[PDB]
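Asks: just need the structure, nothing else, for what follows:
(chains A and B)
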Amino acid sequence: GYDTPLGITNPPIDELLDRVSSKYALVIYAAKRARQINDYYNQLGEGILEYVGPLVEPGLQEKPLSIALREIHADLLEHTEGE
Amino acid sequence: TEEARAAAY
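Replies: Residues are numbered from 1 along each chain as shown, chains lettered A, B, ... in the order given. Here you go:
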């Protein structure tokens, strides 16, 4: 119940934290996927499709980190926590 | 997740 967020505040932080144990885990859970998406874009020209690209269809020039956060909020990824 | 990969393409 609120106005639609605009900017780097979308998706809302509370919904993201509802999935991850804590924000310290969420930052890594997002950054590693951003790195994966960036690597996929880098190897888009030619290479083995070992790193699957973005799951949710990206927008017009959306940064990889934003795509990672959106696809995390959409409940399409699963992560395992070390120790 | 495996479902997302299966439905990706």
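Asks: and the helices in the chain?
Replies: Unless you meant another one, I'm taking chain A. Along chain A, the stretches classed as helices by DSSP state H are A:13-19, A:23-42, A:64-73.
Asks: was after chain B, sorry
Replies: Taking DSSP H as the criterion, chain B carries its helices at B:2-8.
Asks: and for the residue in it that chain A sits nearest to, the neighbour number?
Replies: Going by CB to the nearest CB, chain A is nearest to residue B:4 of chain B, at 4.3 Å. C-beta here means a position set from N, CA and C on the backbone, and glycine is covered the same way. With neighbours defined by other CB atoms under 10 Å in any protein chain shown, the count for residue B:4 comes to 16.
Asks: so it makes contact with residue A:72?
Replies: No: between residue B:4 and residue A:72 there is no contact under CB atoms under 8 Å: 11.4 Å.
Asks: what's the neighbour count on residue A:10?
Replies: By other CB under 10 Å, the residues close to residue A:10 number 13.
Asks: mind checking how far whichever residue of chain A sits closest to chain B is from residue A:19?
Replies: Residue nearest to chain B within chain A (CB to the nearest CB): residue A:76, separated by 4.3 Å. Residue A:76 sits 11 Å away from residue A:19, taking CB to CB, to the nearest Å as the criterion.
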